[PDB]
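Shown next: run26.cif, given as mmCIF, C-alpha atoms (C1' of nucleotides) and all ligand atoms.
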```
data_coords
#
loop_
_atom_site.label_atom_id
_atom_site.label_comp_id
_atom_site.auth_asym_id
_atom_site.auth_seq_id
_atom_site.Cartn_x
_atom_site.Cartn_y
_atom_site.Cartn_z
CA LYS A 2 89.67 93.66 92.29
CA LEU A 3 87.45 94.83 95.22
CA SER A 4 87.63 94.35 99.03
CA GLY A 5 86.35 91.06 100.55
CA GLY A 6 85.40 92.68 103.92
CA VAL A 7 82.35 94.34 102.20
CA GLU A 8 80.43 91.00 102.47
CA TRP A 9 81.28 90.98 106.25
CA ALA A 10 79.64 94.44 106.69
CA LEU A 11 76.68 93.54 104.39
CA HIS A 12 75.95 90.21 106.21
CA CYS A 13 75.91 92.37 109.43
CA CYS A 14 73.37 94.83 107.85
CA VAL A 15 71.02 91.89 106.99
CA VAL A 16 71.12 90.37 110.54
CA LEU A 17 70.72 93.83 112.24
CA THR A 18 67.43 94.24 110.25
CA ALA A 19 65.94 91.56 112.62
CA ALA A 20 67.72 92.96 115.77
CA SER A 21 65.50 95.31 117.91
CA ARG A 22 68.31 95.95 120.51
CA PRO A 23 71.83 97.47 120.36
CA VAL A 24 74.50 94.81 119.46
CA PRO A 25 78.27 95.13 120.16
CA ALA A 26 80.81 94.34 117.34
CA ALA A 27 82.45 91.35 119.17
CA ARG A 28 79.06 89.48 119.19
CA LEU A 29 78.74 89.65 115.34
CA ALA A 30 82.50 88.82 115.12
CA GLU A 31 81.75 85.40 116.76
CA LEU A 32 78.39 85.28 114.82
CA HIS A 33 80.48 84.37 111.68
CA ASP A 34 84.06 83.74 113.05
CA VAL A 35 85.85 86.97 111.92
CA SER A 36 88.63 89.14 113.49
CA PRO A 37 86.56 91.04 116.13
CA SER A 38 88.92 94.04 115.75
CA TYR A 39 88.62 94.18 111.90
CA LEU A 40 84.79 93.84 111.91
CA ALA A 41 84.85 96.75 114.48
CA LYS A 42 87.02 98.65 111.91
CA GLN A 43 84.35 97.94 109.20
CA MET A 44 81.69 99.27 111.67
CA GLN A 45 83.87 102.44 112.08
CA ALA A 46 83.85 102.74 108.22
CA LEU A 47 79.98 102.55 108.38
CA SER A 48 79.66 104.98 111.37
CA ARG A 49 81.76 107.49 109.31
CA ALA A 50 79.24 107.16 106.38
CA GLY A 51 76.33 107.75 108.85
CA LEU A 52 74.75 104.42 107.72
CA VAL A 53 74.61 103.00 111.32
CA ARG A 54 74.69 104.75 114.75
CA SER A 55 77.14 103.72 117.56
CA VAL A 56 75.64 104.03 121.12
CA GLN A 57 78.19 103.98 124.03
CA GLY A 58 77.87 102.72 127.64
CA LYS A 59 76.97 99.33 129.20
CA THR A 60 74.01 98.77 126.79
CA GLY A 61 76.11 100.06 123.82
CA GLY A 62 76.40 98.62 120.26
CA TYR A 63 75.38 99.49 116.64
CA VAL A 64 71.80 100.22 115.32
CA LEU A 65 70.25 100.99 111.88
CA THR A 66 69.62 104.76 111.30
CA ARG A 67 66.84 104.84 108.62
CA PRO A 68 64.14 102.22 107.76
CA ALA A 69 65.33 98.98 106.03
CA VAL A 70 63.64 99.91 102.67
CA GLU A 71 65.59 103.23 102.28
CA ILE A 72 69.05 101.50 102.61
CA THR A 73 70.24 100.44 99.09
CA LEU A 74 73.20 98.14 98.27
CA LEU A 75 74.95 101.08 96.46
CA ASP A 76 75.10 103.11 99.75
CA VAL A 77 76.92 100.15 101.42
CA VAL A 78 79.37 99.41 98.53
CA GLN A 79 80.23 103.18 98.22
CA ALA A 80 80.74 103.47 102.06
CA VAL A 81 82.96 100.34 102.58
CA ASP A 82 84.91 99.19 99.43
CA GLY A 83 85.88 102.84 98.65
CA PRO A 84 83.72 105.61 97.12
CA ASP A 85 86.24 106.25 94.26
CA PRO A 86 85.04 105.03 90.81
CA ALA A 87 86.76 101.79 89.61
CA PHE A 88 88.23 103.06 86.28
CA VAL A 89 90.29 106.32 86.11
CA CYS A 90 91.45 108.15 82.89
CA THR A 91 95.22 109.04 83.07
CA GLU A 92 94.62 111.43 80.07
CA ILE A 93 97.26 109.87 77.70
CA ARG A 94 95.52 111.58 74.69
CA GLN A 95 97.39 114.78 75.81
CA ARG A 96 100.78 112.92 76.07
CA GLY A 97 103.34 111.92 73.39
CA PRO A 98 104.12 113.44 69.95
CA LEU A 99 100.44 113.42 68.71
CA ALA A 100 98.93 115.10 71.83
CA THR A 101 95.35 116.25 70.95
CA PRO A 102 95.23 120.05 71.54
CA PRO A 103 92.96 121.51 74.30
CA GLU A 104 90.59 122.73 71.45
CA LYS A 105 89.57 119.28 69.96
CA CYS A 106 89.18 117.71 73.50
CA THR A 107 85.72 119.27 74.25
CA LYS A 108 84.26 115.74 74.88
CA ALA A 109 85.64 112.92 77.12
CA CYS A 110 87.72 110.15 75.38
CA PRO A 111 85.12 107.59 74.18
CA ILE A 112 86.97 104.72 76.02
CA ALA A 113 86.68 106.56 79.39
CA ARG A 114 83.02 107.48 78.52
CA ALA A 115 82.01 103.85 77.68
CA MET A 116 83.78 102.46 80.83
CA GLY A 117 82.18 105.19 83.03
CA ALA A 118 78.71 104.46 81.55
CA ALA A 119 79.32 100.70 82.22
CA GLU A 120 80.32 101.44 85.88
CA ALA A 121 77.19 103.70 86.15
CA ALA A 122 74.94 100.85 84.81
CA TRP A 123 76.67 98.54 87.38
CA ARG A 124 76.06 100.81 90.43
CA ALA A 125 72.49 101.68 89.19
CA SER A 126 71.46 97.97 88.78
CA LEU A 127 73.05 97.48 92.27
CA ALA A 128 71.16 100.48 93.82
CA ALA A 129 67.77 99.25 92.40
CA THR A 130 67.86 96.30 94.90
CA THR A 131 67.69 97.25 98.64
CA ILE A 132 68.22 95.34 101.95
CA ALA A 133 64.39 95.01 102.43
CA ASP A 134 64.13 93.06 99.09
CA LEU A 135 66.89 90.66 100.37
CA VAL A 136 65.30 90.13 103.86
CA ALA A 137 61.94 89.42 102.07
CA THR A 138 63.56 86.79 99.73
CA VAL A 139 65.41 85.12 102.72
CA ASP A 140 62.12 84.89 104.76
CA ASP A 141 60.59 83.53 101.47
CA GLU A 142 63.34 80.82 101.06
CA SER A 143 65.05 80.09 104.47
CA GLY A 144 61.76 80.35 106.49
CA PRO A 145 60.34 83.48 108.22
CA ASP A 146 61.43 82.18 111.72
CA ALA A 147 65.20 81.75 110.96
CA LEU A 148 66.10 85.52 110.81
CA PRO A 149 64.01 86.53 113.90
CA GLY A 150 65.62 83.43 115.56
CA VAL A 151 69.14 84.85 114.84
CA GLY A 152 67.95 88.33 116.03
CA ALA A 153 66.93 86.59 119.32
CA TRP A 154 70.35 84.80 119.70
CA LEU A 155 72.24 88.13 119.25
CA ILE A 156 70.44 89.83 122.24
CA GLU A 157 70.99 86.82 124.63
CA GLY A 158 72.37 88.26 127.92
CA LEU A 159 73.11 92.01 127.43
CA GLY A 160 74.14 92.83 131.05
CA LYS B 2 89.84 99.96 92.31
CA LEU B 3 90.91 98.69 88.80
CA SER B 4 94.47 98.25 87.37
CA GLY B 5 95.74 101.53 85.81
CA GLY B 6 97.45 99.55 82.98
CA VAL B 7 93.94 98.71 81.56
CA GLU B 8 93.67 102.23 79.99
CA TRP B 9 97.20 101.73 78.48
CA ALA B 10 96.10 98.49 76.69
CA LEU B 11 92.64 99.86 75.67
CA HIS B 12 94.02 103.07 74.01
CA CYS B 13 96.10 100.66 71.79
CA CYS B 14 92.95 98.80 70.54
CA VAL B 15 92.17 101.90 68.37
CA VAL B 16 95.74 102.32 66.91
CA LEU B 17 95.94 98.66 65.66
CA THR B 18 92.91 99.51 63.40
CA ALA B 19 95.20 102.05 61.60
CA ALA B 20 98.36 99.80 61.72
CA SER B 21 98.56 97.68 58.50
CA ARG B 22 102.14 96.53 59.42
CA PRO B 23 103.62 95.00 62.63
CA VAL B 24 104.11 97.68 65.37
CA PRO B 25 106.31 96.94 68.45
CA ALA B 26 105.51 98.02 72.08
CA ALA B 27 108.44 100.54 72.28
CA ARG B 28 106.93 102.74 69.48
CA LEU B 29 103.51 102.86 71.30
CA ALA B 30 105.43 103.46 74.59
CA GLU B 31 106.71 106.80 73.14
CA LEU B 32 103.28 107.29 71.40
CA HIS B 33 101.85 108.15 74.90
CA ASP B 34 105.04 108.50 77.11
CA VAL B 35 104.54 105.32 79.24
CA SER B 36 106.93 102.66 80.72
CA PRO B 37 108.07 100.80 77.54
CA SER B 38 108.75 97.72 79.75
CA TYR B 39 105.43 97.88 81.71
CA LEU B 40 103.31 98.58 78.57
CA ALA B 41 105.18 95.57 77.00
CA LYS B 42 104.19 93.44 80.08
CA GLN B 43 100.49 94.48 79.57
CA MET B 44 100.91 93.71 75.80
CA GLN B 45 102.21 90.18 76.70
CA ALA B 46 99.27 89.74 79.17
CA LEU B 47 96.92 90.62 76.23
CA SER B 48 98.85 88.42 73.69
CA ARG B 49 98.30 85.40 76.07
CA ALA B 50 94.50 85.95 75.66
CA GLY B 51 95.10 85.53 71.88
CA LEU B 52 93.62 88.94 70.89
CA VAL B 53 96.74 90.14 68.96
CA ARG B 54 99.77 88.32 67.45
CA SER B 55 103.34 89.15 68.65
CA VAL B 56 105.90 88.47 65.82
CA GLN B 57 109.66 88.71 66.65
CA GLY B 58 112.58 89.68 64.34
CA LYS B 59 113.59 93.06 62.83
CA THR B 60 110.20 94.10 61.26
CA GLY B 61 108.27 92.39 64.13
CA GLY B 62 105.61 93.89 66.44
CA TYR B 63 101.92 93.45 67.44
CA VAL B 64 99.04 93.16 64.88
CA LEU B 65 95.26 92.47 65.12
CA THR B 66 94.60 88.76 64.26
CA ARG B 67 90.76 88.92 64.10
CA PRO B 68 88.48 91.77 62.90
CA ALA B 69 88.03 94.82 65.21
CA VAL B 70 84.19 94.36 65.40
CA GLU B 71 84.36 90.96 67.25
CA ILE B 72 86.64 92.42 70.03
CA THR B 73 84.42 93.88 72.82
CA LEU B 74 85.79 95.97 75.74
CA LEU B 75 84.71 93.10 78.10
CA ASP B 76 87.29 90.76 76.40
CA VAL B 77 90.09 93.36 76.95
CA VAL B 78 89.34 94.26 80.64
CA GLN B 79 88.94 90.52 81.60
CA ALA B 80 92.21 89.67 79.73
CA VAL B 81 94.32 92.40 81.48
CA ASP B 82 93.08 92.95 85.10
CA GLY B 83 92.12 89.22 85.38
CA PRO B 84 88.90 87.35 84.44
CA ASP B 85 88.18 86.48 88.13
CA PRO B 86 85.26 88.56 89.51
CA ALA B 87 85.88 91.66 91.73
CA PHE B 88 83.49 90.53 94.54
CA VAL B 89 83.95 87.03 96.11
CA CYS B 90 81.52 85.13 98.42
CA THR B 91 83.56 83.13 101.04
CA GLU B 92 80.26 81.44 102.23
CA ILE B 93 80.26 82.83 105.84
CA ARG B 94 76.65 81.52 106.32
CA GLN B 95 78.14 78.01 107.09
CA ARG B 96 80.73 79.28 109.70
CA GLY B 97 80.35 80.19 113.41
CA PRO B 98 77.81 78.99 116.04
CA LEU B 99 74.70 79.94 113.93
CA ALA B 100 76.02 78.28 110.71
CA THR B 101 73.18 77.81 108.12
CA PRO B 102 73.11 73.98 107.74
CA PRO B 103 74.32 72.26 104.51
CA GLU B 104 70.58 71.42 103.86
CA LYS B 105 69.36 75.10 103.44
CA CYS B 106 72.36 75.65 101.03
CA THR B 107 70.60 74.54 97.75
CA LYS B 108 70.71 78.06 96.15
CA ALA B 109 73.38 80.84 96.09
CA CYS B 110 73.01 83.49 98.89
CA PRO B 111 70.69 86.30 97.61
CA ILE B 112 73.54 88.84 98.25
CA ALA B 113 75.72 86.99 95.68
CA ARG B 114 72.57 87.04 93.42
CA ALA B 115 72.20 90.88 93.57
CA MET B 116 76.02 91.38 93.17
CA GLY B 117 76.01 88.98 90.17
CA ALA B 118 73.04 90.81 88.52
CA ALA B 119 74.89 94.16 88.95
CA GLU B 120 78.26 92.83 87.58
CA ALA B 121 76.30 91.07 84.73
CA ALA B 122 74.75 94.46 83.73
CA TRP B 123 78.31 95.93 83.96
CA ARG B 124 79.77 93.18 81.68
CA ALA B 125 76.70 93.55 79.36
CA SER B 126 77.40 97.36 79.01
CA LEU B 127 81.04 96.30 78.18
CA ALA B 128 80.05 93.62 75.56
CA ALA B 129 77.50 95.93 73.77
CA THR B 130 80.38 98.28 72.71
CA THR B 131 82.92 97.06 70.07
CA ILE B 132 86.11 98.59 68.54
CA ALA B 133 83.92 99.67 65.53
CA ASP B 134 82.03 102.11 67.87
CA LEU B 135 85.47 103.41 69.13
CA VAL B 136 86.97 104.02 65.61
CA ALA B 137 83.59 105.50 64.45
CA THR B 138 83.39 108.02 67.39
CA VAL B 139 87.13 109.04 67.06
CA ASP B 140 86.62 109.53 63.24
CA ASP B 141 83.31 111.36 64.10
CA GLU B 142 84.82 113.82 66.69
CA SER B 143 88.63 114.12 66.06
CA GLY B 144 88.19 113.78 62.24
CA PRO B 145 88.36 110.68 59.96
CA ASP B 146 91.99 111.65 58.98
CA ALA B 147 93.41 111.49 62.58
CA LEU B 148 93.36 107.63 62.89
CA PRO B 149 95.06 106.85 59.51
CA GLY B 150 97.53 109.71 60.34
CA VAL B 151 98.62 108.18 63.71
CA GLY B 152 98.63 104.68 62.11
CA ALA B 153 101.06 106.14 59.50
CA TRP B 154 103.24 107.78 62.26
CA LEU B 155 103.56 104.30 63.89
CA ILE B 156 105.10 102.94 60.61
CA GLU B 157 107.63 105.88 60.33
CA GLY B 158 110.97 103.98 59.99
CA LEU B 159 110.15 100.27 60.68
CA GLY B 160 113.64 98.87 59.83
"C1'" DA C 1 64.90 107.31 149.27
"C1'" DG C 2 68.33 110.35 146.34
"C1'" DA C 3 73.00 111.82 145.29
"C1'" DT C 4 77.29 110.33 144.43
"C1'" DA C 5 81.41 107.89 143.06
"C1'" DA C 6 83.34 103.26 141.78
"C1'" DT C 7 82.68 100.12 137.92
"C1'" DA C 8 82.40 97.33 133.88
"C1'" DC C 9 81.40 97.16 129.39
"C1'" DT C 10 81.67 99.20 124.87
"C1'" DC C 11 83.27 102.64 120.40
"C1'" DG C 12 87.31 104.99 118.26
"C1'" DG C 13 91.41 105.75 115.97
"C1'" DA C 14 96.35 104.68 116.04
"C1'" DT C 15 99.34 100.67 115.27
"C1'" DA C 16 102.12 96.40 112.98
"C1'" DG C 17 102.10 92.18 109.25
"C1'" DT C 18 101.23 90.44 104.83
"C1'" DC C 19 99.44 90.26 99.80
"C1'" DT C 20 98.43 91.48 95.21
"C1'" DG C 21 99.67 94.91 91.92
"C1'" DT C 22 103.59 98.18 89.78
"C1'" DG C 23 107.84 99.00 87.64
"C1'" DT C 24 111.83 97.06 85.94
"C1'" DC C 25 115.14 93.85 84.22
"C1'" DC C 26 117.75 90.50 81.01
"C1'" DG C 27 117.66 85.94 78.22
"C1'" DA C 28 115.49 82.87 74.40
"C1'" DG C 29 113.74 83.26 69.74
"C1'" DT C 30 113.23 85.24 65.11
"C1'" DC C 31 113.40 87.63 60.84
"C1'" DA C 32 115.94 90.68 57.75
"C1'" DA C 33 119.51 91.74 55.85
"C1'" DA C 34 124.76 91.81 54.42
"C1'" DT C 35 128.13 88.77 52.00
"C1'" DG C 36 131.06 85.25 49.38
"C1'" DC D 1 121.76 81.60 45.49
"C1'" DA D 2 123.35 79.46 50.72
"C1'" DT D 3 125.25 81.31 54.86
"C1'" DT D 4 126.88 83.90 58.50
"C1'" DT D 5 126.15 87.58 61.02
"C1'" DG D 6 123.53 90.86 63.21
"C1'" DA D 7 120.36 93.25 65.81
"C1'" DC D 8 115.84 93.55 67.05
"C1'" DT D 9 111.48 91.40 69.04
"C1'" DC D 10 108.76 89.19 72.71
"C1'" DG D 11 108.67 86.02 76.95
"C1'" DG D 12 108.94 85.28 81.52
"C1'" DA D 13 111.84 86.14 85.84
"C1'" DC D 14 113.36 89.83 89.44
"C1'" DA D 15 112.73 94.03 93.09
"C1'" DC D 16 109.57 97.81 95.09
"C1'" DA D 17 105.01 99.72 96.71
"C1'" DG D 18 100.49 100.87 98.28
"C1'" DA D 19 96.87 98.64 100.07
"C1'" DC D 20 94.11 95.10 102.45
"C1'" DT D 21 94.13 92.35 106.83
"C1'" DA D 22 94.56 91.78 111.45
"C1'" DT D 23 95.32 93.91 116.20
"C1'" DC D 24 96.18 96.93 120.25
"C1'" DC D 25 95.05 100.10 123.84
"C1'" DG D 26 92.80 104.79 125.06
"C1'" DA D 27 87.82 107.70 125.38
"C1'" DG D 28 83.05 107.59 126.83
"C1'" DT D 29 78.72 106.20 129.19
"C1'" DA D 30 74.69 103.37 131.57
"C1'" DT D 31 74.91 100.03 135.60
"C1'" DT D 32 75.13 99.81 140.25
"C1'" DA D 33 76.38 99.72 144.75
"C1'" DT D 34 77.30 102.44 148.40
"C1'" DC D 35 76.78 106.45 151.78
"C1'" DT D 36 73.77 110.11 154.07
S1 LIG E 1 92.41 109.40 77.66
FE1 LIG E 1 91.92 107.85 79.22
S2 LIG E 1 90.14 106.81 78.33
FE2 LIG E 1 90.99 108.00 76.64
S1 LIG E 2 77.33 84.05 102.46
FE1 LIG E 2 78.63 85.16 101.01
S2 LIG E 2 77.21 86.58 100.04
FE2 LIG E 2 75.99 85.66 101.67
#
```

Step by step, read the file and then write its structure as structure tokens.
Amino acid sequence: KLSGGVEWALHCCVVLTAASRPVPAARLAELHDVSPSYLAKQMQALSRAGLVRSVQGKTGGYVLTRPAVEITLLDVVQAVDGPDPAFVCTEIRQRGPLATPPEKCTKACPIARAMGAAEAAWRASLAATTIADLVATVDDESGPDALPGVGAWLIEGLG
Amino acid sequence: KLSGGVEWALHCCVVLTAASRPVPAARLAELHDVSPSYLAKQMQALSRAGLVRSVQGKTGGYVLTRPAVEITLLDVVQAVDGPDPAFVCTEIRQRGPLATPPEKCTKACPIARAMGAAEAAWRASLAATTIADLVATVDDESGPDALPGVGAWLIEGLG
DNA sequence: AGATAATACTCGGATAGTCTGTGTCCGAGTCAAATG
DNA sequence: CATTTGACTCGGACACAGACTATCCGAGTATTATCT
């Protein structure tokens, strides 16, 4: 099972695409009724991964670092939910009475290999789609004036 | 992160191929030095999915009910860790001041879409592989006499 | 007008509460045997 | 050969943990209003 908060961060990435100004955490927190503190924690988890930049001062907030096309889903999932792979091999082939010697274990145990390859196919099929593809499909479906309209609501009265 | 106990159950899928007689959890527990109780819990979790049969009595144990070829890795992982998906959409687009109305909510959020497509590819890479590929690769690499040999060790003194 | 110091707003990590695993346990049920 | 015992099996119920969730107050900077 994976973290729920990832959606919170990802639904912030999508809205920030249409935001030309710096936006403070608390604003987004109210933008979808979430613990302002814990969204701010998620933003810290993104600032650590150098995905977003955190400007200080009166006109402070969070801003996208690189263009929307170059940010893949994989980068987000790896940054937030935890970079560690999902399945881990406890190496039980080297435990018990019939422990395979260190001479016949030149290859990885086919179970581990298959599961790893599956996880790789997961994260690859995830990485193929970017945030730009999503913003293009949302301005295709939910109208091209909705997302700029939200981007305009976020910047209402900064100082 | 995924449940550790998944590996414990999946390494047993191979041994049942070589077990002609009923084999109880405790024997497998020593077969890879693991919690006899906690492996047994995972075995019960798998028995509930109706993959293997658990027979009680003196010469009782766990046996494969249906052929090894029709049991994919997908069936095992979903049985043990839980069939519920890892990622969960709480529908945050209908909460807060800028809640997407219940009229623009005909289709599933494109984020869910991408995450689905990724997990689907994951589960597809799980379903493609069977137990026949596992027993074939272990008889290909660690010799075709290893699997019958361990299957025979399991049956050493079933009284 | 320009320099300066008060100011007000915002990141950042350090801090408690709660929730699904993780490990363990003993009882109900069952078959095989030992026995008259 | 029927029966009693016996001991061995799984099944679900019981504590412990690391981790996710939610939250606080301290560090840093552009606004800004004043003072010369
Ligand atoms: S030793 Fe862990 S997958 Fe085989
Ligand atoms: S509202 Fe949940 S994935 Fe977009």

Counting all atoms listed in the file, what is within 12 Å of residue 101 of chain A, bar same-chain residues fewer than 5 positions away, as a short mmCIF file (atom, residue, chain, number, x, y, z; two decimals) with C-alpha atoms, keeping the file's coordinate frame?
```
data_model
loop_
_atom_site.label_atom_id
_atom_site.label_comp_id
_atom_site.auth_asym_id
_atom_site.auth_seq_id
_atom_site.Cartn_x
_atom_site.Cartn_y
_atom_site.Cartn_z
CA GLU A 92 94.62 111.43 80.07
CA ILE A 93 97.26 109.87 77.70
CA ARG A 94 95.52 111.58 74.69
CA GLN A 95 97.39 114.78 75.81
CA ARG A 96 100.78 112.92 76.07
CA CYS A 106 89.18 117.71 73.50
CA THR A 107 85.72 119.27 74.25
CA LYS A 108 84.26 115.74 74.88
CA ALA A 109 85.64 112.92 77.12
CA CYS A 110 87.72 110.15 75.38
CA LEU B 32 103.28 107.29 71.40
CA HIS B 33 101.85 108.15 74.90
CA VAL B 139 87.13 109.04 67.06
CA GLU B 142 84.82 113.82 66.69
CA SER B 143 88.63 114.12 66.06
CA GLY B 144 88.19 113.78 62.24
CA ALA B 147 93.41 111.49 62.58
CA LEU B 148 93.36 107.63 62.89
CA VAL B 151 98.62 108.18 63.71
#
```

Polymer residues at most 9 Å from segment 31-33 of chain C, only C-alpha atoms (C1' of nucleotides), same-chain spacing of 4 or more positions, as a tab-separated table (two decimals) with C-alpha atoms (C1' of nucleotides), in the coordinates of the input:
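Below is the file out.tsv, written as the result:
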```tsv
chain	number	residue	atom	x	y	z
B	57	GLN	CA	109.66	88.71	66.65
B	58	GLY	CA	112.58	89.68	64.34
B	59	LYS	CA	113.59	93.06	62.83
B	60	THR	CA	110.20	94.10	61.26
B	61	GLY	CA	108.27	92.39	64.13
B	160	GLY	CA	113.64	98.87	59.83
D	6	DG	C1'	123.53	90.86	63.21
D	8	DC	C1'	115.84	93.55	67.05
```

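Using all atoms listed in the file, the nearest neighbour of chain B within the list A:67, A:105, A:114, A:22 is A:105.
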
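Across the model, the gap from atom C1' of residue 14 of chain C to atom CA of residue 28 of chain A is 23.2 Å.
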
Practice task
Find the spatial neighbours of segment 74-76 of chain A, counting all atoms listed in the file, within a cut-off of 7 Å - ignore same-chain residues fewer than 6 positions away - and output them as a PyMOL selection string.
Solution key: chain A and resi 124+127-128+130-132

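Put simply, atom CA of residue 65 of chain A is 29.2 Å away from atom CA of residue 122 of chain B.
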
Near chain D, which residues of chain B fall within 12 Å when you count all atoms listed in the file, and what do they look like as a CSV table (one decimal) with C-alpha atoms, keeping the file's coordinate frame?
```csv
chain,number,residue,atom,x,y,z
B,2,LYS,CA,89.8,100.0,92.3
B,23,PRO,CA,103.6,95.0,62.6
B,24,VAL,CA,104.1,97.7,65.4
B,25,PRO,CA,106.3,96.9,68.4
B,26,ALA,CA,105.5,98.0,72.1
B,27,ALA,CA,108.4,100.5,72.3
B,38,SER,CA,108.8,97.7,79.8
B,41,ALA,CA,105.2,95.6,77.0
B,42,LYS,CA,104.2,93.4,80.1
B,43,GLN,CA,100.5,94.5,79.6
B,44,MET,CA,100.9,93.7,75.8
B,45,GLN,CA,102.2,90.2,76.7
B,46,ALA,CA,99.3,89.7,79.2
B,48,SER,CA,98.8,88.4,73.7
B,49,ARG,CA,98.3,85.4,76.1
B,54,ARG,CA,99.8,88.3,67.4
B,55,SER,CA,103.3,89.2,68.6
B,56,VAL,CA,105.9,88.5,65.8
B,57,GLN,CA,109.7,88.7,66.6
B,58,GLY,CA,112.6,89.7,64.3
B,59,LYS,CA,113.6,93.1,62.8
B,60,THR,CA,110.2,94.1,61.3
B,61,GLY,CA,108.3,92.4,64.1
B,62,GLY,CA,105.6,93.9,66.4
B,63,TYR,CA,101.9,93.4,67.4
B,159,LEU,CA,110.2,100.3,60.7
B,160,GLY,CA,113.6,98.9,59.8
```

Give the centre and edge lengths of an axis-aligned box, in Å to one decimal, that holds all listed atoms of ligand LIG 1 (chain E) with 8 Å on each side, as JSON.
```
{"center_x": 91.3, "center_y": 108.1, "center_z": 77.9, "size_x": 18.3, "size_y": 18.6, "size_z": 18.6}
```

Exercise for the section: Quick one: residues within 10 Å of (101.9, 89.1, 109.3) (file frame), counting all atoms listed in the file, please, as a ChimeraX atom specification. Expected result: /C:16-19 /D:21-22

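Every residue of chain C that lies within 9 Å of chain B is listed here, counting only C-alpha atoms (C1' of nucleotides): residues 21, 22, 23, 24, 25, 29, 30, 31 and 32 of chain C.
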
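Coordinates place atom CA of residue 12 of chain B at a distance of 17.3 Å from atom CA of residue 66 of chain B.
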
Exercise for the section: List the neighbours of residue 20 of chain B out to 8 Å using all atoms listed in the file; skip same-chain residues closer than 3 positions along the sequence, and give me the result as number ranges by chain. Expected result: B: 16-17, 23-24, 64, 152-153, 155-156

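With distances taken over all atoms listed in the file, B:99 is the one residue among B:70, B:14, B:80, B:99 lying closest to chain A.
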
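Here the question is which of B:3, B:40, B:136, B:77 gets nearest to chain A using all atoms listed in the file, and that residue is B:3.
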
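Among B:145, B:158, B:97, B:150, the residue with the shortest atom-to-atom distance to ligand LIG 2 (chain E), counting all atoms listed in the file, is B:97.
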
Exercise for the section: Compare A:15, A:102, A:120, A:52 by their minimum atom-to-atom distance to chain B, counting all atoms listed in the file, and give me the closest one. Expected result: A:120

Some atoms are missing, so please complete segment 133-144 of chain A with N, CA and C atoms and return it as a PDB file, in the coordinates of the input.
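Wrote it out as selection_25.pdb, contents follow:
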```pdb
ATOM      1  N   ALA A 133      65.768  95.486 102.158  1.00  0.00           N
ATOM      2  CA  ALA A 133      64.390  95.010 102.430  1.00  0.00           C
ATOM      3  C   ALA A 133      64.013  93.905 101.442  1.00  0.00           C
ATOM      4  N   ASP A 134      64.368  94.068 100.163  1.00  0.00           N
ATOM      5  CA  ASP A 134      64.130  93.060  99.090  1.00  0.00           C
ATOM      6  C   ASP A 134      64.841  91.751  99.463  1.00  0.00           C
ATOM      7  N   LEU A 135      66.073  91.838  99.976  1.00  0.00           N
ATOM      8  CA  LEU A 135      66.890  90.660 100.370  1.00  0.00           C
ATOM      9  C   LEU A 135      66.236  89.958 101.563  1.00  0.00           C
ATOM     10  N   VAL A 136      65.905  90.701 102.622  1.00  0.00           N
ATOM     11  CA  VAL A 136      65.300  90.130 103.860  1.00  0.00           C
ATOM     12  C   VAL A 136      63.975  89.448 103.510  1.00  0.00           C
ATOM     13  N   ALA A 137      63.239  89.973 102.525  1.00  0.00           N
ATOM     14  CA  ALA A 137      61.940  89.420 102.070  1.00  0.00           C
ATOM     15  C   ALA A 137      62.154  88.105 101.316  1.00  0.00           C
ATOM     16  N   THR A 138      63.222  88.004 100.517  1.00  0.00           N
ATOM     17  CA  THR A 138      63.560  86.790  99.730  1.00  0.00           C
ATOM     18  C   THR A 138      64.145  85.704 100.650  1.00  0.00           C
ATOM     19  N   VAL A 139      64.804  86.083 101.752  1.00  0.00           N
ATOM     20  CA  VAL A 139      65.410  85.120 102.720  1.00  0.00           C
ATOM     21  C   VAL A 139      64.320  84.549 103.632  1.00  0.00           C
ATOM     22  N   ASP A 140      63.307  85.349 103.992  1.00  0.00           N
ATOM     23  CA  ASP A 140      62.120  84.890 104.760  1.00  0.00           C
ATOM     24  C   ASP A 140      61.134  84.177 103.827  1.00  0.00           C
ATOM     25  N   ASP A 141      61.336  84.293 102.509  1.00  0.00           N
ATOM     26  CA  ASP A 141      60.590  83.530 101.470  1.00  0.00           C
ATOM     27  C   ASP A 141      61.231  82.141 101.302  1.00  0.00           C
ATOM     28  N   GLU A 142      62.566  82.046 101.383  1.00  0.00           N
ATOM     29  CA  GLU A 142      63.340  80.820 101.060  1.00  0.00           C
ATOM     30  C   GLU A 142      63.735  80.056 102.337  1.00  0.00           C
ATOM     31  N   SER A 143      64.439  80.714 103.266  1.00  0.00           N
ATOM     32  CA  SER A 143      65.050  80.090 104.470  1.00  0.00           C
ATOM     33  C   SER A 143      64.097  80.137 105.674  1.00  0.00           C
ATOM     34  N   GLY A 144      62.796  80.338 105.441  1.00  0.00           N
ATOM     35  CA  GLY A 144      61.760  80.350 106.490  1.00  0.00           C
ATOM     36  C   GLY A 144      61.701  81.699 107.207  1.00  0.00           C
TER      37      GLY A 144
END
```
